[PDB]
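Source file: input13.csv. Holds: CSV, N, CA and C atoms.
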chain,number,residue,atom,x,y,z
A,91,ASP,N,53.1,-29.6,0.8
A,91,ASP,CA,52.9,-28.3,1.3
A,91,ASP,C,52.8,-28.2,2.8
A,92,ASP,N,53.9,-27.9,3.5
A,92,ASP,CA,53.9,-27.8,5.0
A,92,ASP,C,54.5,-26.5,5.4
A,93,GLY,N,53.6,-25.5,5.5
A,93,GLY,CA,53.9,-24.2,6.1
A,93,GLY,C,52.8,-23.8,7.1
A,94,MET,N,53.1,-23.8,8.4
A,94,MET,CA,52.2,-23.4,9.4
A,94,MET,C,52.9,-23.3,10.8
A,95,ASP,N,52.4,-22.4,11.6
A,95,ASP,CA,53.0,-22.3,13.0
A,95,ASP,C,51.9,-22.6,14.1
A,96,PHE,N,50.8,-21.9,14.0
A,96,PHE,CA,49.8,-22.0,15.1
A,96,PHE,C,48.6,-22.9,14.6
A,97,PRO,N,47.9,-23.5,15.5
A,97,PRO,CA,46.8,-24.4,15.1
A,97,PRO,C,45.7,-23.6,14.4
A,98,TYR,N,44.9,-24.3,13.6
A,98,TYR,CA,43.8,-23.7,12.8
A,98,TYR,C,42.7,-23.2,13.7
A,99,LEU,N,41.9,-22.3,13.1
A,99,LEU,CA,40.9,-21.6,13.8
A,99,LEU,C,39.8,-22.6,14.2
A,100,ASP,N,38.8,-22.1,15.1
A,100,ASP,CA,37.9,-23.0,15.7
A,100,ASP,C,37.0,-23.7,14.7
A,101,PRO,N,36.2,-23.0,13.9
A,101,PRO,CA,35.3,-23.7,13.0
A,101,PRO,C,36.1,-24.3,11.8
A,102,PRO,N,36.0,-25.6,11.6
A,102,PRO,CA,36.7,-26.2,10.5
A,102,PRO,C,36.3,-25.7,9.2
A,103,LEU,N,37.3,-25.5,8.3
A,103,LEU,CA,37.0,-25.0,7.0
A,103,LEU,C,36.3,-26.0,6.1
A,104,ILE,N,35.5,-25.5,5.1
A,104,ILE,CA,34.8,-26.4,4.2
A,104,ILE,C,35.3,-26.0,2.8
A,105,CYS,N,35.5,-27.1,2.0
A,105,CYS,CA,36.1,-26.9,0.6
A,105,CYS,C,34.9,-27.0,-0.4
A,106,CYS,N,34.7,-25.9,-1.1
A,106,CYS,CA,33.6,-25.8,-2.1
A,106,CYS,C,34.2,-25.7,-3.5
A,107,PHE,N,34.1,-26.8,-4.2
A,107,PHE,CA,34.7,-26.9,-5.6
A,107,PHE,C,33.5,-27.0,-6.6
A,108,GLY,N,33.6,-26.2,-7.6
A,108,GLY,CA,32.6,-26.1,-8.7
A,108,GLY,C,32.7,-24.9,-9.6
A,109,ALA,N,31.6,-24.4,-9.9
A,109,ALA,CA,31.5,-23.2,-10.8
A,109,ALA,C,30.8,-22.1,-10.1
A,110,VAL,N,31.3,-20.9,-10.2
A,110,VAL,CA,30.7,-19.7,-9.6
A,110,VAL,C,29.6,-19.1,-10.5
A,111,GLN,N,28.4,-19.1,-10.1
A,111,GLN,CA,27.3,-18.6,-11.0
A,111,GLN,C,26.3,-17.9,-10.1
A,112,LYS,N,25.4,-17.1,-10.8
A,112,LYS,CA,24.4,-16.3,-10.1
A,112,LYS,C,23.0,-16.8,-10.5
A,113,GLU,N,22.3,-17.3,-9.5
A,113,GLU,CA,20.9,-17.7,-9.7
A,113,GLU,C,20.7,-18.8,-10.8
A,114,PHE,N,21.3,-19.9,-10.6
A,114,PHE,CA,21.4,-21.0,-11.6
A,114,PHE,C,20.6,-22.2,-11.0
A,115,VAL,N,19.7,-22.8,-11.9
A,115,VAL,CA,18.9,-23.9,-11.5
A,115,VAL,C,19.3,-25.1,-12.4
A,116,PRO,N,20.2,-26.0,-12.0
A,116,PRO,CA,20.6,-27.1,-12.8
A,116,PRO,C,19.6,-28.1,-13.1
A,117,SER,N,18.9,-28.6,-12.1
A,117,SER,CA,17.9,-29.7,-12.3
A,117,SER,C,16.7,-29.2,-13.0
A,118,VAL,N,16.5,-29.6,-14.2
A,118,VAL,CA,15.4,-29.2,-15.0
A,118,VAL,C,14.8,-30.4,-15.7
A,119,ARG,N,13.5,-30.6,-15.6
A,119,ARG,CA,12.7,-31.6,-16.2
A,119,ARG,C,11.5,-31.0,-16.9
A,120,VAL,N,10.6,-31.8,-17.3
A,120,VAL,CA,9.3,-31.4,-17.9
A,120,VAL,C,8.3,-31.3,-16.9
A,121,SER,N,7.8,-30.1,-16.5
A,121,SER,CA,6.8,-29.9,-15.6
A,121,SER,C,5.4,-30.1,-16.2
A,122,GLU,N,4.5,-30.8,-15.5
A,122,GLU,CA,3.2,-31.1,-16.1
A,122,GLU,C,2.4,-29.8,-16.3
A,123,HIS,N,2.4,-28.9,-15.4
A,123,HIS,CA,1.6,-27.7,-15.4
A,123,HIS,C,2.4,-26.5,-15.8
A,124,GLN,N,1.9,-25.7,-16.7
A,124,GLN,CA,2.4,-24.4,-17.0
A,124,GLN,C,1.4,-23.3,-16.8
A,125,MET,N,1.9,-22.1,-16.5
A,125,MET,CA,1.0,-21.0,-16.1
A,125,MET,C,1.3,-19.8,-17.0
A,126,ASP,N,0.7,-19.8,-18.2
A,126,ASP,CA,0.7,-18.7,-19.2
A,126,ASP,C,2.1,-18.5,-19.7
A,127,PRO,N,2.3,-18.3,-21.1
A,127,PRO,CA,3.6,-18.1,-21.6
A,127,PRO,C,4.1,-16.7,-21.5
A,128,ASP,N,3.3,-15.7,-21.3
A,128,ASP,CA,3.7,-14.3,-21.3
A,128,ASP,C,3.5,-13.6,-20.0
A,129,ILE,N,2.4,-13.8,-19.3
A,129,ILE,CA,2.1,-13.1,-18.1
A,129,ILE,C,3.0,-13.7,-16.9
A,130,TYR,N,4.0,-13.1,-16.5
A,130,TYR,CA,4.8,-13.6,-15.4
A,130,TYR,C,4.3,-13.2,-14.1
A,131,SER,N,3.2,-12.4,-14.0
A,131,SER,CA,2.6,-12.0,-12.7
A,131,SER,C,2.0,-13.2,-12.0
A,132,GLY,N,1.6,-14.2,-12.8
A,132,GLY,CA,1.0,-15.4,-12.2
A,132,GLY,C,1.9,-16.6,-12.1
A,133,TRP,N,3.2,-16.5,-12.5
A,133,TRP,CA,4.1,-17.6,-12.4
A,133,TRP,C,4.3,-18.1,-10.9
A,134,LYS,N,4.1,-17.2,-10.0
A,134,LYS,CA,4.3,-17.5,-8.6
A,134,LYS,C,3.4,-18.6,-8.1
A,135,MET,N,2.3,-18.9,-8.8
A,135,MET,CA,1.4,-20.0,-8.5
A,135,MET,C,2.1,-21.3,-8.6
A,136,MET,N,3.3,-21.4,-9.3
A,136,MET,CA,4.1,-22.6,-9.4
A,136,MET,C,5.0,-22.7,-8.3
A,137,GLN,N,5.1,-21.8,-7.4
A,137,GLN,CA,5.9,-21.9,-6.2
A,137,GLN,C,5.1,-22.4,-5.0
A,138,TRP,N,3.8,-22.2,-5.0
A,138,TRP,CA,2.9,-22.9,-4.0
A,138,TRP,C,2.7,-24.4,-4.3
A,139,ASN,N,2.8,-24.7,-5.6
A,139,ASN,CA,2.6,-26.1,-6.0
A,139,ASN,C,3.8,-26.5,-6.9
A,140,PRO,N,4.9,-26.9,-6.3
A,140,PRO,CA,6.1,-27.2,-7.1
A,140,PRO,C,6.0,-28.4,-7.9
A,141,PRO,N,6.8,-28.6,-9.0
A,141,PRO,CA,6.6,-29.8,-9.9
A,141,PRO,C,7.2,-31.0,-9.4
A,142,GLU,N,7.5,-31.1,-8.1
A,142,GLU,CA,8.0,-32.3,-7.3
A,142,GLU,C,9.5,-32.5,-7.5
A,143,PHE,N,10.1,-31.8,-8.5
A,143,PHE,CA,11.6,-31.8,-8.5
A,143,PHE,C,12.2,-30.5,-8.2
A,144,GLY,N,11.5,-29.4,-8.4
A,144,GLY,CA,11.9,-28.1,-7.9
A,144,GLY,C,11.4,-27.7,-6.6
A,145,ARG,N,11.0,-28.8,-5.8
A,145,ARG,CA,10.5,-28.5,-4.5
A,145,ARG,C,11.5,-27.9,-3.6
A,146,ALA,N,12.7,-28.5,-3.6
A,146,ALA,CA,13.9,-27.9,-3.0
A,146,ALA,C,15.1,-27.9,-3.9
A,147,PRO,N,15.1,-27.0,-4.9
A,147,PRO,CA,16.1,-27.0,-6.0
A,147,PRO,C,17.4,-26.5,-5.5
A,148,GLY,N,18.4,-27.4,-5.6
A,148,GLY,CA,19.8,-26.9,-5.3
A,148,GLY,C,20.4,-26.1,-6.4
A,149,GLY,N,21.4,-25.3,-6.1
A,149,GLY,CA,22.0,-24.4,-7.1
A,149,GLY,C,23.5,-24.6,-7.2
A,150,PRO,N,24.2,-23.5,-7.5
A,150,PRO,CA,25.7,-23.6,-7.6
A,150,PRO,C,26.4,-23.9,-6.3
A,151,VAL,N,27.7,-24.1,-6.3
A,151,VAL,CA,28.5,-24.3,-5.1
A,151,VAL,C,28.7,-23.0,-4.3
A,152,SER,N,28.7,-21.9,-5.0
A,152,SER,CA,28.9,-20.6,-4.3
A,152,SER,C,27.7,-20.4,-3.4
A,153,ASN,N,26.5,-20.7,-3.8
A,153,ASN,CA,25.3,-20.6,-3.0
A,153,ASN,C,25.5,-21.4,-1.7
A,154,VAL,N,26.0,-22.7,-1.8
A,154,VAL,CA,26.2,-23.5,-0.7
A,154,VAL,C,27.2,-23.0,0.3
A,155,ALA,N,28.3,-22.4,-0.3
A,155,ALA,CA,29.3,-21.8,0.6
A,155,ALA,C,28.8,-20.6,1.3
A,156,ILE,N,28.0,-19.8,0.6
A,156,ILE,CA,27.5,-18.6,1.3
A,156,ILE,C,26.5,-19.0,2.4
A,157,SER,N,25.6,-20.0,2.1
A,157,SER,CA,24.7,-20.4,3.1
A,157,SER,C,25.4,-21.0,4.3
A,158,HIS,N,26.5,-21.7,4.0
A,158,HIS,CA,27.3,-22.3,5.1
A,158,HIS,C,27.9,-21.3,6.0
B,1,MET,N,-17.7,-13.2,-21.9
B,1,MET,CA,-16.2,-13.0,-22.1
B,1,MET,C,-15.4,-13.0,-20.8
B,2,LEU,N,-14.2,-13.4,-20.9
B,2,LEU,CA,-13.3,-13.4,-19.7
B,2,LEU,C,-11.9,-13.0,-20.1
B,3,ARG,N,-11.3,-12.2,-19.2
B,3,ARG,CA,-9.9,-11.8,-19.4
B,3,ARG,C,-9.0,-12.9,-18.7
B,4,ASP,N,-7.8,-12.6,-18.5
B,4,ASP,CA,-6.9,-13.5,-17.7
B,4,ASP,C,-7.5,-13.9,-16.4
B,5,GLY,N,-7.9,-15.2,-16.3
B,5,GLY,CA,-8.7,-15.7,-15.2
B,5,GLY,C,-8.0,-15.5,-13.9
B,6,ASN,N,-6.7,-15.7,-13.9
B,6,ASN,CA,-5.9,-15.6,-12.6
B,6,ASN,C,-5.6,-14.2,-12.2
B,7,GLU,N,-6.7,-13.3,-12.2
B,7,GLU,CA,-6.6,-12.0,-11.6
B,7,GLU,C,-7.4,-11.9,-10.3
B,8,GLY,N,-6.8,-11.5,-9.3
B,8,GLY,CA,-7.3,-11.7,-7.9
B,8,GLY,C,-7.0,-13.0,-7.3
B,9,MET,N,-6.4,-14.0,-8.1
B,9,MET,CA,-6.0,-15.2,-7.5
B,9,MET,C,-4.5,-15.3,-7.5
B,10,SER,N,-3.8,-14.4,-8.1
B,10,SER,CA,-2.3,-14.3,-8.0
B,10,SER,C,-1.8,-12.9,-7.7
B,11,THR,N,-2.6,-11.9,-7.9
B,11,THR,CA,-2.2,-10.5,-7.6
B,11,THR,C,-3.4,-9.8,-7.1
B,12,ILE,N,-3.2,-8.7,-6.4
B,12,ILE,CA,-4.3,-7.8,-5.9
B,12,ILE,C,-4.9,-7.2,-7.2
B,13,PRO,N,-6.2,-7.4,-7.5
B,13,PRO,CA,-6.8,-6.8,-8.7
B,13,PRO,C,-7.0,-5.3,-8.6
B,14,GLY,N,-7.0,-4.7,-9.7
B,14,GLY,CA,-7.2,-3.2,-9.7
B,14,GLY,C,-8.5,-2.8,-9.1
B,15,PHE,N,-8.5,-1.7,-8.4
B,15,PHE,CA,-9.7,-1.2,-7.7
B,15,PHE,C,-10.5,-0.4,-8.7
B,16,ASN,N,-10.8,-1.0,-9.9
B,16,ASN,CA,-11.7,-0.5,-10.9
B,16,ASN,C,-12.5,-1.5,-11.6
B,17,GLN,N,-12.3,-2.8,-11.4
B,17,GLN,CA,-12.9,-3.8,-12.2
B,17,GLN,C,-14.4,-3.9,-12.0
B,18,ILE,N,-14.9,-3.4,-10.9
B,18,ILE,CA,-16.4,-3.4,-10.7
B,18,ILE,C,-17.0,-2.5,-11.7
B,19,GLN,N,-16.7,-1.2,-11.7
B,19,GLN,CA,-17.3,-0.3,-12.6
B,19,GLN,C,-16.9,-0.6,-14.1
B,20,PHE,N,-15.7,-0.9,-14.3
B,20,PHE,CA,-15.2,-1.1,-15.7
B,20,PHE,C,-15.9,-2.4,-16.3
B,21,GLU,N,-15.9,-3.5,-15.5
B,21,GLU,CA,-16.5,-4.7,-16.0
B,21,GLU,C,-18.1,-4.5,-16.1
B,22,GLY,N,-18.7,-3.7,-15.2
B,22,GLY,CA,-20.1,-3.5,-15.4
B,22,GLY,C,-20.4,-2.7,-16.6
B,23,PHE,N,-19.7,-1.7,-16.9
B,23,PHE,CA,-19.9,-0.9,-18.1
B,23,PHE,C,-19.7,-1.7,-19.4
B,24,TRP,N,-18.6,-2.5,-19.4
B,24,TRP,CA,-18.3,-3.4,-20.6
B,24,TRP,C,-19.4,-4.4,-20.8
B,25,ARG,N,-19.9,-5.0,-19.7
B,25,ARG,CA,-21.0,-6.0,-19.8
B,25,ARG,C,-22.2,-5.3,-20.3
B,26,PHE,N,-22.5,-4.1,-19.8
B,26,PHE,CA,-23.7,-3.4,-20.3
B,26,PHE,C,-23.6,-3.1,-21.8
B,27,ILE,N,-22.4,-2.6,-22.3
B,27,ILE,CA,-22.3,-2.3,-23.7
B,27,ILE,C,-22.3,-3.5,-24.5
B,28,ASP,N,-21.8,-4.6,-24.0
B,28,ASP,CA,-21.8,-5.8,-24.8
B,28,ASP,C,-23.1,-6.6,-24.9
B,29,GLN,N,-23.9,-6.5,-23.8
B,29,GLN,CA,-25.1,-7.4,-23.8
B,29,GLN,C,-26.4,-6.7,-23.5
B,30,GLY,N,-26.4,-5.7,-22.7
B,30,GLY,CA,-27.6,-5.0,-22.3
B,30,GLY,C,-28.2,-4.2,-23.5
B,31,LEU,N,-27.4,-3.7,-24.3
B,31,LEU,CA,-27.9,-3.0,-25.5
B,31,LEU,C,-28.7,-4.0,-26.4
B,32,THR,N,-28.1,-5.2,-26.6
B,32,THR,CA,-28.8,-6.2,-27.4
B,32,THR,C,-30.1,-6.7,-26.7
B,33,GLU,N,-30.0,-6.9,-25.4
B,33,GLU,CA,-31.1,-7.5,-24.7
B,33,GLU,C,-32.2,-6.4,-24.4
B,34,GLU,N,-31.9,-5.1,-24.6
B,34,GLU,CA,-33.0,-4.1,-24.5
B,34,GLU,C,-33.5,-3.7,-25.9
B,35,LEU,N,-32.7,-3.7,-26.9
B,35,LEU,CA,-33.2,-3.4,-28.2
B,35,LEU,C,-34.2,-4.4,-28.7
B,36,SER,N,-34.0,-5.7,-28.3
B,36,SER,CA,-34.9,-6.8,-28.7
B,36,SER,C,-36.3,-6.6,-28.1
B,37,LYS,N,-36.3,-6.0,-26.8
B,37,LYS,CA,-37.5,-5.7,-26.2
B,37,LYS,C,-38.3,-4.6,-26.8
B,38,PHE,N,-37.7,-3.9,-27.7
B,38,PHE,CA,-38.5,-2.8,-28.4
B,38,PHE,C,-39.5,-3.5,-29.3
B,39,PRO,N,-40.8,-3.0,-29.2
B,39,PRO,CA,-41.9,-3.7,-29.9
B,39,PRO,C,-41.9,-3.4,-31.4
B,40,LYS,N,-42.8,-4.0,-32.1
B,40,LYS,CA,-43.1,-3.7,-33.5
B,40,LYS,C,-44.3,-2.8,-33.7
B,41,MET,N,-44.3,-1.8,-32.9
B,41,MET,CA,-45.5,-0.8,-32.9
B,41,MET,C,-45.8,-0.3,-34.2
B,42,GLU,N,-47.1,0.1,-34.4
B,42,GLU,CA,-47.6,0.5,-35.7
B,42,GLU,C,-48.9,1.2,-35.5
B,43,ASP,N,-49.7,1.4,-36.5
B,43,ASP,CA,-50.9,2.2,-36.5
B,43,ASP,C,-52.1,1.2,-36.6
B,44,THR,N,-53.3,1.6,-36.0
B,44,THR,CA,-54.5,0.8,-36.1
B,44,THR,C,-55.1,0.8,-37.4
B,45,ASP,N,-54.7,1.7,-38.4
B,45,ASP,CA,-55.3,1.8,-39.7
B,45,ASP,C,-54.8,0.7,-40.7
B,46,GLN,N,-53.9,-0.1,-40.3
B,46,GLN,CA,-53.2,-1.1,-41.2
B,46,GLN,C,-52.6,-0.4,-42.3
B,47,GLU,N,-51.9,0.7,-42.1
B,47,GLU,CA,-51.4,1.6,-43.1
B,47,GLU,C,-49.9,1.8,-42.9
B,48,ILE,N,-49.3,1.8,-41.7
B,48,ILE,CA,-47.9,2.1,-41.5
B,48,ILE,C,-47.4,1.0,-40.6
B,49,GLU,N,-46.0,0.9,-40.6
B,49,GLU,CA,-45.4,-0.1,-39.7
B,49,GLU,C,-43.9,0.4,-39.4
B,50,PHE,N,-43.5,0.2,-38.2
B,50,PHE,CA,-42.2,0.6,-37.7
B,50,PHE,C,-41.4,-0.7,-37.2
B,51,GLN,N,-40.2,-0.8,-37.7
B,51,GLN,CA,-39.3,-1.9,-37.3
B,51,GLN,C,-38.0,-1.4,-36.9
B,52,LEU,N,-37.4,-2.1,-35.9
B,52,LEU,CA,-36.0,-1.8,-35.4
B,52,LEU,C,-35.2,-3.0,-35.5
B,53,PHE,N,-34.4,-3.2,-36.5
B,53,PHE,CA,-33.5,-4.3,-36.7
B,53,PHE,C,-32.5,-4.3,-35.5
B,54,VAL,N,-32.4,-5.5,-34.9
B,54,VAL,CA,-31.6,-5.5,-33.6
B,54,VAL,C,-30.1,-5.8,-33.8
B,55,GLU,N,-29.8,-6.8,-34.7
B,55,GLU,CA,-28.4,-7.1,-34.9
B,55,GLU,C,-27.7,-6.2,-35.9
B,56,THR,N,-27.9,-4.9,-35.7
B,56,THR,CA,-27.2,-3.9,-36.6
B,56,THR,C,-26.7,-2.7,-35.8
B,57,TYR,N,-26.8,-2.7,-34.5
B,57,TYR,CA,-26.5,-1.5,-33.7
B,57,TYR,C,-25.0,-1.3,-33.6
B,58,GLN,N,-24.6,0.0,-33.5
B,58,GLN,CA,-23.2,0.3,-33.2
B,58,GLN,C,-23.2,1.7,-32.7
B,59,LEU,N,-22.0,2.0,-32.0
B,59,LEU,CA,-21.8,3.4,-31.5
B,59,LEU,C,-20.9,4.2,-32.3
B,60,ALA,N,-20.8,5.5,-32.1
B,60,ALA,CA,-20.0,6.4,-32.8
B,60,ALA,C,-18.9,7.0,-31.9
B,61,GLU,N,-17.8,7.4,-32.5
B,61,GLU,CA,-16.7,8.0,-31.7
B,61,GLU,C,-17.2,9.4,-31.2
B,62,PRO,N,-17.0,9.7,-30.0
B,62,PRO,CA,-17.5,11.0,-29.5
B,62,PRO,C,-17.0,12.2,-30.2
B,63,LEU,N,-17.9,13.2,-30.4
B,63,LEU,CA,-17.5,14.4,-31.1
B,63,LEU,C,-16.5,15.2,-30.3

If you convert what's in this file into structure tokens, what do you get?
Amino acid sequence: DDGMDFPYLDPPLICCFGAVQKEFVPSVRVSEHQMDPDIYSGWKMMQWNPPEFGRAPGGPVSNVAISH
Amino acid sequence: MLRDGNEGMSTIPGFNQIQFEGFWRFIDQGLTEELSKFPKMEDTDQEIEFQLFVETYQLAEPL
């Protein structure tokens, strides 16, 4: 595939291959602490004290492309 | 008794819990702890006697 006339634009392009999804958390394990099965008003207490694997949870590749 | 403990620790609590909790605590325990203080009063003639059973009280639906 060789079709081009002028040089590429200044910021080099990034190739993001994967699956397009909305608000997906792949890395899931068993968290030691749980905060009530029904009341979701107190679940935010698990964001101040993450389970050490969801401390910086990555997501889909579309999220990475958008952030980039 | 205690409700969901994480109230005021994860959300702003309702601006009613003072009066509401006070009245519920009163109804739950003060009635019992005041009815027990009611004496076993009676007459000096050794002829009559009045008693107030404590663990039987209840309230009625307002008319």

Can you pull out every residue within 6.5 Å of residue 149 of chain A, counting only N, CA and C atoms, but drop anything in the same chain fewer than 5 positions away, and send it as a ChimeraX atom specification?
/A:114-116,154

Counting all atoms listed in the file, chain A residues within 7 Å of chain B, as a ChimeraX atom specification:
/A:131-132,135

Near residue 54 of chain B, within 8 Å and counting all atoms listed in the file, which residues show up once chain neighbours fewer than 6 positions away are dropped, as a PyMOL selection string?
chain B and resi 31-32+35-36

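Here the question is which of A:156, A:125, A:118, A:105 gets nearest to residue 143 of chain A using all atoms listed in the file, and that residue is A:118.
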
According to DSSP computed on the backbone, where in chain A is there alpha helix (DSSP H)? Give the residues as a list in words.
residues 135, 136, 137, 138, 151, 152, 153, 154, 155, 156 and 157 of chain A

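Taking atom N of residue 109 of chain A and atom CA of residue 146 of chain A as endpoints, the distance between them is 19.3 Å.
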
State, in Å with one decimal place, the distance from atom CA of residue 33 of chain B to atom C of residue 48 of chain B.
24.3 Å

For atom CA of residue 63 of chain B and atom CA of residue 27 of chain B, the interatomic separation in Å (one decimal):
18.9 Å

Name the residues, using the chain letters and numbers of the file, that sit within 6.5 Å of (-14.8, -8.2, -19.6) when counting all atoms listed in the file, and give them as a VMD selection string.
chain B and resid 1 to 3 21 24 to 25

Selection near segment 100-103 of chain A, 12 Å with only C-alpha atoms, sequence-local residues under 3 positions removed, as a CSV table (one decimal) with N, CA and C atoms, keeping the file's coordinate frame:
chain,number,residue,atom,x,y,z
A,96,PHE,N,50.8,-21.9,14.0
A,96,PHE,CA,49.8,-22.0,15.1
A,96,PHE,C,48.6,-22.9,14.6
A,97,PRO,N,47.9,-23.5,15.5
A,97,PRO,CA,46.8,-24.4,15.1
A,97,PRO,C,45.7,-23.6,14.4
A,106,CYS,N,34.7,-25.9,-1.1
A,106,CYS,CA,33.6,-25.8,-2.1
A,106,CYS,C,34.2,-25.7,-3.5
A,155,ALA,N,28.3,-22.4,-0.3
A,155,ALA,CA,29.3,-21.8,0.6
A,155,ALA,C,28.8,-20.6,1.3
A,158,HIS,N,26.5,-21.7,4.0
A,158,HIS,CA,27.3,-22.3,5.1
A,158,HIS,C,27.9,-21.3,6.0

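Distances here use only C-alpha atoms; by that measure, the residue among A:107, A:124, A:91, A:157 closest to residue 136 of chain A is A:124.
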
Keeping just C-alpha atoms, export segment 6-60 of chain B of this structure as a short mmCIF file (atom, residue, chain, number, x, y, z; two decimals), in the first residue's frame.
data_model
loop_
_atom_site.label_atom_id
_atom_site.label_comp_id
_atom_site.auth_asym_id
_atom_site.auth_seq_id
_atom_site.Cartn_x
_atom_site.Cartn_y
_atom_site.Cartn_z
CA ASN B 6 -22.11 4.71 57.47
CA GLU B 7 -24.46 7.71 57.61
CA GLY B 8 -22.56 10.95 57.95
CA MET B 9 -19.39 9.01 57.10
CA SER B 10 -20.16 8.64 53.38
CA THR B 11 -22.95 11.18 52.73
CA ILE B 12 -24.26 14.35 54.32
CA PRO B 13 -26.83 13.12 56.87
CA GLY B 14 -30.37 14.40 56.83
CA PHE B 15 -30.95 17.55 58.85
CA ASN B 16 -33.54 15.76 61.00
CA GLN B 17 -31.69 12.93 62.77
CA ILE B 18 -31.39 14.92 66.01
CA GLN B 19 -35.13 15.27 66.68
CA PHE B 20 -36.10 12.02 64.94
CA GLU B 21 -33.51 9.92 66.77
CA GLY B 22 -34.33 11.63 70.07
CA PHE B 23 -38.03 10.88 69.78
CA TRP B 24 -37.41 7.28 68.70
CA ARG B 25 -35.01 6.75 71.61
CA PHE B 26 -37.58 8.24 73.98
CA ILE B 27 -40.39 6.00 72.70
CA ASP B 28 -38.15 2.93 72.77
CA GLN B 29 -36.54 3.28 76.18
CA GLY B 30 -37.72 6.26 78.24
CA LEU B 31 -41.25 4.91 78.54
CA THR B 32 -39.88 1.66 79.98
CA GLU B 33 -37.39 3.41 82.26
CA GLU B 34 -40.07 5.79 83.58
CA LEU B 35 -42.89 3.27 84.04
CA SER B 36 -40.56 1.17 86.19
CA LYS B 37 -40.01 4.18 88.47
CA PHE B 38 -43.76 4.23 89.17
CA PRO B 39 -44.14 2.97 92.76
CA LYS B 40 -46.35 0.25 94.24
CA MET B 41 -48.44 2.83 96.14
CA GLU B 42 -51.30 1.63 98.33
CA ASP B 43 -53.34 2.46 101.44
CA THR B 44 -52.20 2.48 105.07
CA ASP B 45 -55.18 0.31 106.08
CA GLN B 46 -53.63 -2.85 104.52
CA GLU B 47 -56.82 -3.11 102.45
CA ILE B 48 -56.05 -2.02 98.85
CA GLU B 49 -53.09 -2.27 96.49
CA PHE B 50 -52.25 -0.74 93.11
CA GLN B 51 -49.82 -2.22 90.60
CA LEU B 52 -48.60 -1.11 87.16
CA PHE B 53 -47.16 -3.96 85.10
CA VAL B 54 -44.23 -2.51 83.18
CA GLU B 55 -43.53 -4.88 80.28
CA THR B 56 -47.04 -4.55 78.83
CA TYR B 57 -47.23 -0.96 77.59
CA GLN B 58 -48.19 -0.03 74.04
CA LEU B 59 -49.49 2.97 72.12
CA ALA B 60 -52.60 3.37 69.98
#
